[PDB]
Number of protein chains: 4
Amino acid sequence: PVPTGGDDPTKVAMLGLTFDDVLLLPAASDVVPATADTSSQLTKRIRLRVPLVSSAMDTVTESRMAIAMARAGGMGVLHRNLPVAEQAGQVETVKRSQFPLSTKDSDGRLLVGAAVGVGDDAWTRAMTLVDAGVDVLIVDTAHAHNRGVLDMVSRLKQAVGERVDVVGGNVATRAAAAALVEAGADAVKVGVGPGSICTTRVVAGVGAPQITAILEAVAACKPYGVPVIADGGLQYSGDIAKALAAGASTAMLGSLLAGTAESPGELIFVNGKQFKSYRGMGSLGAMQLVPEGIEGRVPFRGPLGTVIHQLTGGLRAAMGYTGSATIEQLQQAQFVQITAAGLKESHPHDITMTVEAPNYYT
Amino acid sequence: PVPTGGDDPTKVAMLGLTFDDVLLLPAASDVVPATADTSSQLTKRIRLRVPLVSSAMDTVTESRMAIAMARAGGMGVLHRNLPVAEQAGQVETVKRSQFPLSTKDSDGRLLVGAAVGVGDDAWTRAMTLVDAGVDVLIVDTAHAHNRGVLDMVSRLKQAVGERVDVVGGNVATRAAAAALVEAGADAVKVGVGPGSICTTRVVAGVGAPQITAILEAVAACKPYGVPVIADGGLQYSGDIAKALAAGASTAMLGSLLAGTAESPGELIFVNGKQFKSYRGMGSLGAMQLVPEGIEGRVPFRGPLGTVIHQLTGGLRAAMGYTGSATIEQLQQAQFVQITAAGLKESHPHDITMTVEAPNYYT
Amino acid sequence: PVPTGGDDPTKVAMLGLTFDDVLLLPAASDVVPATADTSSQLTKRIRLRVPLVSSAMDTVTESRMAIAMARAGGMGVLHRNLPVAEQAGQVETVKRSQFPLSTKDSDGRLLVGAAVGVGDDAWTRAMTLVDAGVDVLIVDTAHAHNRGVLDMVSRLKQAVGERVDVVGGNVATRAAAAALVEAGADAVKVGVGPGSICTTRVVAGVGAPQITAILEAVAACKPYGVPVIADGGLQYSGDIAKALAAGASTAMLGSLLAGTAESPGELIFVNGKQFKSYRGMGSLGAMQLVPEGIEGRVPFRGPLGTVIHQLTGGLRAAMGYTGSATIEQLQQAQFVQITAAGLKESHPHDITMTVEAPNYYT
Amino acid sequence: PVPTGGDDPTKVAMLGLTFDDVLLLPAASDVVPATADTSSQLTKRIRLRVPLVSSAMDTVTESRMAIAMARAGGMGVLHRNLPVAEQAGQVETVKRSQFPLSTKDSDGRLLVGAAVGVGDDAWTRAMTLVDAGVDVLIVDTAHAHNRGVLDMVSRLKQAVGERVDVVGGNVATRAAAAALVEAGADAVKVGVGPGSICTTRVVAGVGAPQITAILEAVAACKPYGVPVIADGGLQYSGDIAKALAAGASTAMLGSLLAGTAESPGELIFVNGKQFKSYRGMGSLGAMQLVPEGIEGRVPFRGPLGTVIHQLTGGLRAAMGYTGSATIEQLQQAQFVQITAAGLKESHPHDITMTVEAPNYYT
Ligand SMILES: NC(=O)c1ccc[n+]([C@@H]2O[C@H](COP(=O)([O-])OP(=O)(O)OC[C@H]3O[C@@H](n4cnc5c(N)ncnc54)[C@H](O)[C@@H]3O)[C@@H](O)[C@H]2O)c1
Ligand SMILES: NC(=O)c1ccc[n+]([C@@H]2O[C@H](COP(=O)([O-])OP(=O)(O)OC[C@H]3O[C@@H](n4cnc5c(N)ncnc54)[C@H](O)[C@@H]3O)[C@@H](O)[C@H]2O)c1
Ligand SMILES: NC(=O)c1ccc[n+]([C@@H]2O[C@H](COP(=O)([O-])OP(=O)(O)OC[C@H]3O[C@@H](n4cnc5c(N)ncnc54)[C@H](O)[C@@H]3O)[C@@H](O)[C@H]2O)c1
Ligand SMILES: NC(=O)c1ccc[n+]([C@@H]2O[C@H](COP(=O)([O-])OP(=O)(O)OC[C@H]3O[C@@H](n4cnc5c(N)ncnc54)[C@H](O)[C@@H]3O)[C@@H](O)[C@H]2O)c1
Ligand SMILES: *c1nc2c(ncn2[C@@H]2O[C@H](COP(=O)(O)O)[C@@H](O)[C@H]2O)c(=O)[nH]1
Ligand SMILES: *c1nc2c(ncn2[C@@H]2O[C@H](COP(=O)(O)O)[C@@H](O)[C@H]2O)c(=O)[nH]1
Ligand SMILES: *c1nc2c(ncn2[C@@H]2O[C@H](COP(=O)(O)O)[C@@H](O)[C@H]2O)c(=O)[nH]1
Ligand SMILES: *c1nc2c(ncn2[C@@H]2O[C@H](COP(=O)(O)O)[C@@H](O)[C@H]2O)c(=O)[nH]1
Ligand SMILES: [K+]
Ligand SMILES: [K+]
Ligand SMILES: [K+]
Ligand SMILES: [K+]
């Protein structure tokens with residue numbers, strides 16, 4: 001019999017690795033961290049100076065956050081939890097608005113992104129957003145291997161292909177990424193359940209660990225040149241370095257940017273400290289059922305520029321350790337799989353911390 | 001030599017997996033969660049609309065709980081901690097009893113099951129229960145591979161085989177499932193020690209992880225058309241989805257229904273909060289000795305209908321993710337094996353929950 | 001290269017399993033738990049009705065504990081931290097002494113054993129103890145593969161081999177067990193580091209997991225018919241069942257008996273709860289340097305007979321589950337390896353225990 | 001495909017083991033712990049009586065620590081966070097200064113070492129240190145596979161290779177160790193991330209577990225007779241024994257020596273208990289940016305001699321257990337891999353320690 005039970009060797013397909021299961025192996029390096037080139041292709045036509053994209057969530061990205069992310073070298077994606085006219089107004093506000101790395105189009109204006117669903121109402125929203133000058137559309141769905149999501153992606157590529165870039169929803173397998181690539185998507189977003197606010201892997205018991213999912217999606221997408229975006233489950237800059245090394249071209253950040261000042265919402269004072277609200281788009285409050293997210297609060301951090309600077313410094317240090325001149329070389333790095341004891345050895349241990357580092361906290 | 005010690009390669013037969021060791025892999029889907037069919041076979045001749053069955057415990061299932069569970073779309077199994085006359089009276093009360101999914105017999109009365117032991121006194125109890133008009137008998141023992149349990153199953157199926165269905169006791173291996181099938185069981189119940197109130201794996205050191213046990217039992221029960229019931233260890237709707245995807249046709253629930261309003265027992269107030277008593281049938285109090293269970297308390301949950309609806313919504317979401325229109329299709333889904341890091345990535349992390357979700361609580 | 005580093009495949013010899021890594025598999029059973037025979041061989045000539053032995057520690061075994069253990073069906077081993085005259089007096093007190101299971105010699109006197117070290121002083125102590133009528137001598141060391149221990153075992157076997165039995169020191173490998181058998185020992189004690197009070201694996205970094213060590217030692221001792229004693233690391237009756245199923249013949253208990261009324265020492269009262277002292281023989285206090293043990297307290301348990309009955313009931317339940325009429329049949333049961341999630345499923349989970357079980361506590 | 005994902009079997013190159021994943025197997029022994037010889041090679045020409053070195057940290061080693069370590073039988077390495085003239089003054093102070101094991105040169109003067117960076121200013125500091133009477137230069141970096149570090153090592157060996165010994169920076173792979181040996185290093189230091197105060201594996205996500213790294217580096221250094229120094233991650237004397245058995249010849253200590261009276265800094269009182277500062281060299285304060293270390297405090301220990309004696313006693317116990325007369329014989333001991341349960345069993349468990357032992361802390 002099969003060692004794990006039954007007579008079917010393909011019942012348990014594979015062992016899945018996540019960010020905490022692997023470490024990057026140092027290699028022969030001739031690269032100073034300051035000279036590392038952290039530019040990467042977000043889509044087949046858009047290249048960012050910093051490969052970080054803000055999450056399309058109602059407590060993460062709005063006009064201010066989108067403008068700040070575009071100025072810092074990345075991009076912001078406005079959420080679709082607003083009326084269509086309001087979303088178009090936010091797109092116009094971003095496009096209408098020191099920062100040498102800022103992302104700009106052929107007209108010299110900042111780049112913005114918008115998220116739409118699936119359906120005729122979503123089609124009207126997408127048409128309104130495209131008419132307002134949006135550059136990239138995201139078909140933001142929880143299960144992108146559904147036939148409706150693929151049909152919507154094909155429709156958008158057929159209609160507004162010459163003017164915008166269409167990014168498919170979340171996938172976690174090789175077959176889903178291949179289907180999205182065949183459907184005509186310009187970029188594939190990866191991750192089902194690893195988000196810090198998600199309960200999908202608990203409520204439905206469905207998902208896949210992020211590192212293995214990224215590897216599978218890259219094996220499905222790289223021959224066609226389609227970029228891969230790692231979405232959800234990133235907590236440190238080492239996580240971003242690992243996600244890029246596993247094959248992803250861009251990383252989408254949630255809770256790391258929710259505690260910044262540019263994020264929408266009011267500051268909450270609790271017990272002499274500061275926080276702000278963070279919740280999933282599938283949470284009960286956001287969808288007003290069977291929710292697949294939770295509501296919570298993250299500690300307050302400050303300006304987005306400092307956070308992006310620290311994350312980029314960590315990524316530059318990783319590139320220096322691996323000897324990667326560009327991201328295209330960082331994607332050829334190798335991993336070492338570690339156990340739980342190795343995981344606790346990686347973090348600071350046997351020490352009582354008396355002052356916090358800019359890039360680390362418990 | 002064997003890597004784990006000794007010269008016998010069969011001393012450590014296999015590596016067992018449980019619910020938290022696996023995740024369900026998304027597949028190509030054309031299924032909407034609202035339009036998925038959750039009906040499944042409880043026995044070879046009885047089909048439920050919601051594949052959930054209440055545990056035969058004195059703190060979980062009685063007349064009220066059996067009626068509520070039959071109305072909700074599943075079934076209840078009355079415990080055998082009562083005198084035979086009282087259990088027969090409970091059966092008659094259930095049979096003497098808005099609800100589109102209610103499970104009914106040919107005459108229009110609600111279905112109900114009843115648990116029996118092993119022996120001549122249990123034989124008299126079984127005859128009384130059959131006379132009172134029960135639909136399915138459960139030979140409720142902790143070890144179904146014993147000779148007495150098989151003899152009792154054969155005797156019951158020869159006596160009242162044409163009238164009621166007989167479900168075999170708890171098994172954890174393929175050989176025991178095959179023995180139950182050969183003895184003439186209409187359904188096989190799986191699980192030895194995974195219950196939240198069990199100490200059998202600690203007191204006796206005997207057991208088997210639930211996912212591996214379900215796979216092993218299904219490998220022997222499926223060829224003969226005998227359904228498999230997964231019993232014990234389920235704490236989320238994702239666990240139910242994983243159990244069904246492993247081959248089981250129905251799931252039997254304990255502590256998940258012990259805190260509802262329909263379960264027997266008075267409310268308990270601790271620090272201003274509500275709880276209800278929950279204890280194993282092998283506990284010292286319940287068996288009144290070497291006990292194999294403990295006595296405890298679980299938080300109050302409210303009406304059973306809300307709990308059943310939340311669990312069924314989670315199962316429907318899992319069916320949508322896997323592209324399974326029917327439970328028979330869900331039983332063909334695949335798994336991915338995860339580590340402890342993947343397990344803590346599955347749950348919400350790096351967040352302080354500010355408001356509790358209807359289907360998730362830490 | 002080897003996947004764990006280096007070019008030598010024998011550098012990391014094996015993967016070691018302990019009690020928490022394995023579970024007993026149920027088998028076809030015709031055994032009532034009350035009809036199982038728990039008798040087992042302590043040495044090649046001594047048979048115990050209950051296969052449990054007390055540890056030769058100054059906080060566990062003295063004359064009272066030895067008498068109680070012999071009255072319950074097992075045996076006690078007197079510690080050697082006393083002067084030779086006092087130890088001989090304790091042996092005489094035990095021999096000079098309602099209990100149908102009492103283990104007696106031909107003359108109807110309770111059996112007892114004593115511990116000796118290595119050296120000429122140990123030779124004088126051993127001869128004095130043999131004069132006082134001791135029944136079995138334990139060469140109580142921490143490393144039985146040392147030349148001195150084997151030489152001493154050979155000397156004792158040549159001198160007083162017919163009168164008494166000689167038990168070898170603690171081993172952890174197949175080669176050490178083979179050397180002890182060749183030296184002429186009548187029983188082999190297994191375990192290096194798993195003691196609840198030991199720090200040998202942390203201070204010296206030397207040890208082996210108990211299940212793997214037992215399997216390896218049985219691979220060498222069984223062909224010659226030399227019994228195996230599992231010593232250290234046992235916390236539950238399921239652990240005793242696992243140790244006996246792995247191949248061992250008897251289990252030597254430490255902390256499980258230190259909290260009884262018969263153990264030497266006085267009660268300790270702290271915050272309305274009762275404790276008593278427990279310490280290793282390598283501790284700084286016991287050896288009065290680089291200690292290899294610690295000093296602590298364990299909760300009070302009451303009379304030893306109740307504890308012995310609970311452990312025997314757990315063992316009988318395990319034998320009933322595995323279909324083992326005798327311990328010799330229990331030594332052929334199969335294991336299943338479990339993960340950490342399986343381990344947390346094995347214990348009572350997701351519950352708030354209200355009343356204490358006689359054989360379980362968190 | 002690869003069971004972890006993708007089509008490249010070399011993406012996840014290997015599985016790394018740390019100190020907590022292995023144990024030393026006992027073997028046939030004719031060695032008394034008090035008669036073992038712990039002398040080991042520091043470099044190709046320097047042999048220490050106690051194979052322990054102090055870290056080049058501004059909170060660990062200064063003149064006093066170097067003198068105490070040289071007297072105790074090891075050696076000290078002065079940190080380079082000081083002005084060049086000040087560090088040369090510390091070197092002269094150490095050279096200008098019961099202890100039968102003290103390490104001395106051919107002129108009866110205490111040995112000492114100093115750390116240098118990479119660059120022309122580092123060249124000036126190195127030349128000043130050589131002219132000031134240093135015995136060994138440690139090219140102290142974080143990534144020694146960089147071209148600059150190899151060039152600096154080659155330049156130092158070409159200039160003052162006949163007067164001083166050059167030890168390369170930290171490596172974690174076989175290729176890096178081979179490159180350092182080819183560059184002309186007298187010794188190779190191993191470890192990237194294991195430090196108790198490091199955050200490199202979190203900020204950059206780059207590193208390797210220590211046991212696998214030591215094995216890989218020894219696989220490249222042993223054929224050429226170049227010693228390997230294990231730096232970082234050692235918390236117990238068992239860790240030192242494991243590192244020596246993996247192939248390392250010496251172990252550099254950080255936090256283990258940062259709480260002694262001879263370490264630089266001042267005593268700190270918190271709730272009646274004594275602590276003192278310990279911070280990483282890449283921490284924010286130490287480099288005064290993206291720090292790769294943290295600042296904290298460790299409990300006060302006392303005189304260095306007692307700590308060194310306890311560590312050497314643990315090492316001698318390990319040598320006695322493995323039957324290793326010399327460190328060269330300890331470097332051939334075998335390992336056994338353990339699980340998380342094995343690690344829990346190795347430490348004291350199910351006990352409430354009431355008095356702290358000299359060599360173990362809870
Ligand atoms: N599912 C489990 O793992 C588990 C474990 C312990 C108790 N329980 C529950 O406790 C209640 C009583 O269980 P029970 O089986 O002890 O009832 P019981 O004492 O009435 O036993 C009935 C029959 O089961 C068999 N049996 C049970 N345990 C055995 C063992 N250890 N060895 C050999 N044969 C054995 C015997 O043939 C016995 O006559 C039931 O409600 C049961 O579901 C369940
Ligand atoms: N990434 C995740 O795993 C995840 C999980 C839950 C929610 N979310 C977020 O919540 C928001 C709403 O997501 P949504 O998908 O629930 O909204 P939605 O109702 O707009 O779903 C969009 C489409 O996704 C597909 N889909 C979604 N869930 C499915 C399921 N269970 N089975 C089959 N097809 C399914 C369907 O084709 C549907 O039309 C988005 O912002 C999304 O990113 C994400
Ligand atoms: N069972 C264990 O793992 C363990 C561990 C430490 C101590 N202890 C207990 O502590 C007491 C003293 O133990 P002890 O045996 O160390 O004391 P001891 O001084 O009586 O040692 C007796 C003999 O054991 C051998 N020995 C012990 N440790 C050795 C080592 N590290 N290397 C080589 N040979 C070694 C030597 O031959 C020595 O003569 C005993 O009661 C013993 O049971 C037990
Ligand atoms: N061993 C470790 O893992 C580690 C990590 C961080 C810091 N540290 C300690 O902090 C201090 C300063 O460390 P440092 O090496 O950054 O000092 P540094 O800034 O003086 O660097 C010296 C040389 O190391 C190399 N180097 C260091 N980090 C590199 C990277 N990320 N990518 C490429 N090359 C790199 C370069 O050749 C550089 O010129 C030292 O005392 C060092 O031991 C050690
Ligand atoms: C699950 N996932 C959800 C939900 N809303 C958004 N998301 C996903 O999480 C990502 C961010 O996760 P972090 O780990 O916090 O960075 C988002 O980009 C989105 O893909 C939800 O309700 N449940
Ligand atoms: C162990 N298992 C026991 C006992 N009484 C009942 N059971 C089993 O547990 C199931 C419920 O488990 P939950 O995890 O709480 O859902 C029951 O259906 C029954 O099979 C006992 O004393 N010990
Ligand atoms: C380590 N082991 C020690 C010491 N003294 C005795 N022992 C061993 O432990 C066994 C008891 O272990 P428990 O887990 O408490 O059952 C004893 O029988 C003996 O073999 C010591 O100082 N260090
Ligand atoms: C990471 N590692 C660092 C830093 N400064 C020094 N080190 C390394 O850590 C070792 C200390 O190890 P312990 O575990 O504390 O014994 C040092 O010897 C050095 O090699 C730093 O900022 N980050
Ligand atoms: K670390
Ligand atoms: K359990
Ligand atoms: K999650
Ligand atoms: K221990």
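First listed ligand is number 1; within each ligand, the first listed atom is number 1. Only heavy atoms go into these numbers, but all of them, side chains included; no hydrogens, no water, no symmetry mates. So you know, we letter chains A, B, ... as the sequences are listed, proteins then strands, and number each from 1.
For ligand 5, the atoms sitting less than 4.0 Å from at least one non-hydrogen atom of A:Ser55 are 11 (C), 17 (C), 18 (O), numbered in the order shown with element in parentheses. Those atoms of ligand 5 that come under 4.0 Å of a heavy atom in A:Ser255, given as number and element, are 15 (O), 16 (O). For ligand 5 and A:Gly280, the ligand atoms under 4.0 Å from any heavy atom of the residue are 4 (C), 5 (N), 21 (C), 22 (O). Listed by atom number, the atoms of ligand 5 under 4.0 Å from A:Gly293 heavy atoms are 22 (O). Annotation for ligand 5: atoms under 4.0 Å from non-hydrogen atoms of A:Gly195 are 12 (O), 14 (O).
Listed for the A:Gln210 side chain is a donor-acceptor partner under 3.5 Å among the backbone atoms of A:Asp231. When atom types are taken as modelled, the side chain of D:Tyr321 and the backbone of D:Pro26 share no donor-acceptor pair closer than 3.5 angstrom. Under a 3.5 Å cut-off, the side chain of C:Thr199 and the backbone N or O of C:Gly293 do form a donor-acceptor pair. A donor-acceptor pair under 3.5 Å is absent between the side-chain atoms of A:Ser283 and the main chain of A:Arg279, judged by distance alone. No donor-acceptor distance shorter than 3.5 angstrom exists from the side chain of A:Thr61 to the backbone of A:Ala66, with no hydrogens or angles considered. No donor-acceptor distance shorter than 3.5 angstrom exists from the side chain of A:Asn146 to the backbone of A:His143, with no hydrogens or angles considered. When atom types are taken as modelled, the side chain of C:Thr212 and the backbone of C:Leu17 share a donor-acceptor pair closer than 3.5 angstrom. The backbone N or O of D:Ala341 lies less than 3.5 Å from no partner atom in the side chain of C:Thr18, so there is not a single donor-acceptor pair. Within the 3.5 Å criterion, the main-chain N or O of A:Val203 finds a donor-acceptor partner in the side chain of B:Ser237.
Taking 3.4 Å as the criterion, D:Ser346 counts as a coordinating residue of the K ion (ligand 12), since one of its N, O or S atoms falls below it. Among the atoms of B:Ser196, no N, O or S atom falls under 3.4 Å of the K ion (ligand 10). Within the 3.4 Å limit, C:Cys198 places at least one N, O or S atom next to the K ion (ligand 12).
Scanning the protein heavy atoms around atom 15 (O) of ligand 5, the nearest turns out to be A:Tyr278 OH, 2.6 Å. The single protein non-hydrogen atom nearest to atom 6 (C) of ligand 5 is A:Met57 CE, 3.7 Å, given as residue, atom name and distance. In terms of protein heavy-atom proximity, atom 5 (N) of ligand 5 is nearest to A:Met281 N, 3.0 Å. Ranking the protein heavy atoms by distance from atom 14 (O) of ligand 5 puts A:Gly233 N, 2.8 Å first. The protein atom (non-hydrogen) at minimum distance from atom 16 (O) of ligand 5 is A:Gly254 N, 3.0 Å. Of all protein heavy atoms, the one closest to atom 22 (O) of ligand 5 is A:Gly282 N, 2.8 Å. Regarding atom 7 (N) of ligand 5, its nearest protein heavy-atom neighbour is A:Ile197 CD1, 3.9 Å. Taking atom 1 (C) of ligand 5 as the reference point, the nearest protein heavy-atom neighbour is A:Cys198 SG, 1.8 Å.
When the N, O or S atoms of D:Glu345 are ranked by distance to the K ion (ligand 12), O comes first. Counting just the N/O/S atoms of D:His347, the one with the shortest distance to the K ion (ligand 12) is named O.
Within the model, atoms CD1 of D:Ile351 and OG1 of D:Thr362 stand 11.0 Å from one another, a figure rounded to the nearest 0.5 Å. Separating the CD atom in A:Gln235 from the CG atom in A:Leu253 is a distance of 9.5 Å, to the nearest 0.5 Å.
At a 4.0 Å heavy-atom cut-off, ligand 5 touches A:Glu292 through the backbone alone.
The aromatic rings of C:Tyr360 and C:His347 sit tilted, their planes meeting at an angle between 30° and 60°.
Proximity annotation for atom 17 (C) of ligand 5: of A:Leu284, A:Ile294, A:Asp231, B:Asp350, A:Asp231 comes nearest, heavy atoms only.
Not a single heavy atom of A:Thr200 sits less than 4.0 Å from an atom of ligand 5.
In summary, the aromatic rings of D:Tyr361 and D:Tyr236 are positioned with their centroids under 6.0 Å apart.
Angle subtended at the K ion (ligand 12) by C:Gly195 O and C:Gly193 O: 90°, rounded to 10 degrees.
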